[PDB]
Amino acid sequence: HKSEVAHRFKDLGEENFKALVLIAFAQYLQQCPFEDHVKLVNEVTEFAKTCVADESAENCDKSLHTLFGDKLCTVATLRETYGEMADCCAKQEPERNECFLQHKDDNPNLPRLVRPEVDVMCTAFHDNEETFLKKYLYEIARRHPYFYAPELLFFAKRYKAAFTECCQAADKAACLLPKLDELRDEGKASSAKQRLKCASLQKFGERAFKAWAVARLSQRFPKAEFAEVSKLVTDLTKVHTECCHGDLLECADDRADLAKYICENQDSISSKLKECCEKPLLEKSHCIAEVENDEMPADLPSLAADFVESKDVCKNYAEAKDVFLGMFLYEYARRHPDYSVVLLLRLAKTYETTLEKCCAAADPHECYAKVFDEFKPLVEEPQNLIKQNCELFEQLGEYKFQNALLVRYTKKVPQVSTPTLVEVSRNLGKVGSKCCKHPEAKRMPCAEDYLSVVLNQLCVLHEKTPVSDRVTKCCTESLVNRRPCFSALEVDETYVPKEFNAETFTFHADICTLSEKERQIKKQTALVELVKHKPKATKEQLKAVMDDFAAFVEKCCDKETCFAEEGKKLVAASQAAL
Ligand SMILES: O=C1CCc2ccc(OCCCCN3CCN(c4cccc(Cl)c4Cl)CC3)cc2N1
Ligand SMILES: CCCCCCCCCCCCCC(=O)O
Ligand SMILES: CCCCCCCCCCCCCC(=O)O
Ligand SMILES: CCCCCCCCCCCCCC(=O)O
């Protein structure tokens, strides 16, 4: 604790230290060029080495916030590039870093990163691996200034492994592109869950987050006592509360302390934490958050004894309601790791609603005597949706499943723009193929995680340009009722059909020369416009048009004159049967 930067350097190692220092500066000086950040990192790294050689060297006793802030305020172009951020450099350190944190631009006006060609990437990866990888780590950090820097380093090493493996293969793009796409989607999803959880914390209070934490931790750690789960929920709530604040050092120390406690109490938490409590301090907390569920105890009794049958239900509930409800959620969650967290919260709220009415009634024991019967329809509702949607997914393929969702959701809310209907239907289709490859024991948790990012992304684009009231209603609802609200959407019978546009249903020779993905998006776009023009069209009528369209595209591939002549016949023949 004498020299804090030296302790960081020796715990993290030189390689990880430089990467984290690059990420940290890129998240505050988002508008500075890459070569300026490399200059700061090398200067900070050479300074850290003097503290490692002599803890008593000058300025080595200063705190990390003081050293970081002081270094940040030496940037010559600070005031010219960052207007009122330079005014932070006139405040004491307790208030200076707070001032710096208030100017982290969430969505800066930076151009979209372009994925270069595969050959130019592998060539650059070979010619200068260090600057190639670090430039892109810089480009991502400056675009996600609130993304937890060690997790950004965790993905960065996955990018390095992808280039190392696939730049030596016979077909580079054969395995590099699928890995890069998988990394892109996974990174954008992780960055979405983090920002979404932080927004939910402030909008629905700390109590709603603790309930979620009790459910999740009991599924992961079913063998731990309730007191151990409740203690972890309190610490996890403090970790997520301060990590949402944005301070990197305070967030990292909280996560390190929790992982340090969990690894010292493995015998009272889980038996699955063995492999990752041996990992270095940089990776411990990250892995524990992704550890698989431990096995639940063998013969666990029914919940009716403590929560329905025996007396003192209202008495034990009235003494401390959230504790009693927390025990119910703990006992229910750890017996059902196959449930989604939100489903467990629906049952807790249902049990809560019952006690608040029953404990004030004439005969309370008679009142809640069958509270478990109310849980059956709530449990069976998502279980039937998974079976129904993936018996349909098994009848079709992924692309044909997306077309079914596309027709179904366009009918329900025709007011949503076509690009949003296309994008969400394709993503919701990816949830089908991603999760129904799993067995029944882990289908609902899979769907919950993937639906929550698609449904929030749906309203992230919808909140900016609101069109449909029924979509905003489902996203103003709590995260527990969000998915059932969207499932409860009915076909809009008050929607007048869209005016026919000839240029919309016009097709040129570009579709045959476009890529497979670009051809699908173009075909799926016209399918939305077909449903918006004729919502009352039936399944067999739409299939006839889709079959004729596929035959129209295949027959026309002369090619230019076919799309115009055969296209005029397709449009007219469809207008006679719709
Ligand atoms: O040289 C390369 C190779 C890799 C690559 C892929 C896509 C690409 O262009 C797409 C446009 C920007 C997409 N980014 C991808 C990374 N992504 C993200 C967000 C949070 C965490 C994490 Cl870990 C991540 Cl990855 C943000 C959005 C360019 C490149 N450039
Ligand atoms: C140990 C106390 C943990 C927190 C108390 C659990 C209460 C569960 C009630 C469930 C209803 C609220 C769910 C929500 O708002 O998201
Ligand atoms: C993924 C939620 C936790 C993110 C904060 C990192 C804390 C890591 C140690 C706590 C592990 C909690 C396990 C869990 O996610 O249920
Ligand atoms: C007015 C009707 C004009 C023709 C409408 C074109 C509809 C195109 C839908 C394409 C979806 C199926 C694609 C395929 O079968 O591969």
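- In the PDB header, X-ray crystallography is given as the technique by which the entry was determined, and 2.30 Å as its resolution.

## Focus: the UniProt feature "binding site: Ca(2+) 2" in the protein chain
Part 1: Here the UniProt-annotated "binding site: Ca(2+) 2" positions come out as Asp-11, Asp-253 and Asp-257. Taking the farthest pair of C-alpha atoms as the criterion, the annotated set spanning 247 residues converges on one region, since that pair is 14.4 Å apart.
Part 2: Here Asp-11 lies in helix α1 (residues 4-12).
Part 3: Judged by relative accessible area, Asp-11 falls into the partly exposed class, the value being 48%.
Part 4: Residue placement: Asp-253 occurs in helix α12 (residues 248-264).
Part 5: Within the local environment of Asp-253, its side chain forms a polar contact with the side chain of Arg-8, the two groups lying 2.4 Å apart.

## Brief notes about the nonpolar core
Part 1: Ranked by size, the top nonpolar core spans 85 residues in total, and within it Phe-221, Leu-273, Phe-328, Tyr-332, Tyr-339, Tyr-351 and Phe-486 carry the most contacts.
Part 2: Top element by residues in this core is helix α17 (residues 341-358). It accounts for nine residues.
Part 3: Aside from chain neighbours lying at most four places away, what touches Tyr-332 is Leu-303, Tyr-339, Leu-344, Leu-347 and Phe-375.

## Concerning the state of the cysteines
Part 1: By the definition in use, this model includes 17 disulfides.
Part 2: Between the sulfur of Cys-166 and that of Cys-175 lies a disulfide, 2.0 Å long from S to S.
Part 3: When its relative accessible area of 0% is taken as the criterion, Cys-166 is described as buried.
Part 4: Each disulfide pairs two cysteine sulfurs, and for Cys-459 the partner residue is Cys-475, the sulfurs being separated by 2.0 Å. Residues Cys-459 and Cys-475 share a disulfide whose torsion about the S-S bond is about 90°; that sign makes it right-handed. A residue pair is termed long-range when its members are at least 10 positions apart, and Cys-459 in helix α22 (residues 444-464) and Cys-475 in helix α23 (residues 469-476) qualify at 16 residues.
Part 5: For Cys-32, which is in no disulfide, the shortest distance to another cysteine sulfur is to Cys-89 and amounts to 12 Å.
Part 6: Overall, the relative accessible area of 4% leaves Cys-32 in the buried class.

## Notes on the UniProt feature "binding site: (4Z,15Z)-bilirubin IXalpha" in the protein chain
Part 1: When the UniProt feature table is mapped to this numbering, "binding site: (4Z,15Z)-bilirubin IXalpha" covers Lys-238.
Part 2: If you trace the backbone, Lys-238 turns up in helix α11 (residues 226-243).

## Focus: the packing of aromatic side chains
Part 1: All chains considered together, the criterion is met by 29 aromatic pairs.
Part 2: Ring geometry for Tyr-332 versus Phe-375: centroids 5.8 Å apart, planes at 85°, classification edge-to-face. Taken together, the residues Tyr-332 in helix α16 (residues 321-335) and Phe-375 in helix α19 (residues 375-395) connect sequence positions 43 residues apart. In this pair, the class of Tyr-332 matches that of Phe-375, namely buried.
Part 3: Their ring planes at 45° and their centres at 6.2 Å tell us that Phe-549 and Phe-552 sit as a pair that is tilted. Residue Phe-549 and its partner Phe-552 are located together in helix α27 (residues 539-555), separated by three residues, close to a single helical turn.
Part 4: Under the relative-accessibility criterion, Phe-549 is labelled buried at 16%.
Part 5: Ring pairs connect the aromatic residues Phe-307, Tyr-317, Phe-324, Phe-328, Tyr-332, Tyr-339, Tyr-351, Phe-372 and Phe-375, which therefore count as one cluster.
Part 6: A cation over an aromatic ring shows up here: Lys-231 above the ring of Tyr-261, its NZ or CZ 3.2 Å from the ring centre.

Each value, and the rule that gives it
- Residues numbered from 1 in each chain as written, not as in the entry; some residues may be left out.
- Chains lettered and ligands numbered in written order.
- Heavy atoms only, no water.
- Residues with missing side-chain atoms left out of burial classes, pairs and counts.
- UniProt positions renumbered as here; feature names shortened; annotations may be inferred.
- Helix = DSSP H or I, 4+ residues; strand = E, 2+ residues; numbered from the N terminus.
- Buried < 20%, exposed > 50% of the residue type's maximum accessible area, 1.4 Å probe, protein only.
- Polar contact = N/O pair within 3.5 Å; in protein donor to acceptor, adjacent residues only side chain to side chain.
- Core = buried A, V, L, I, M, F, W, Y, C linked by side-chain atoms within 4.5 Å.
- Contact = heavy atoms within 4.5 Å.
- Disulfide = S-S within 2.5 Å.
- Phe/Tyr/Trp six-rings, centres within 6.5 Å; stacked < 30°, edge-to-face > 60°.
- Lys NZ or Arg CZ within 6 Å of the ring centre and 35° of its normal.

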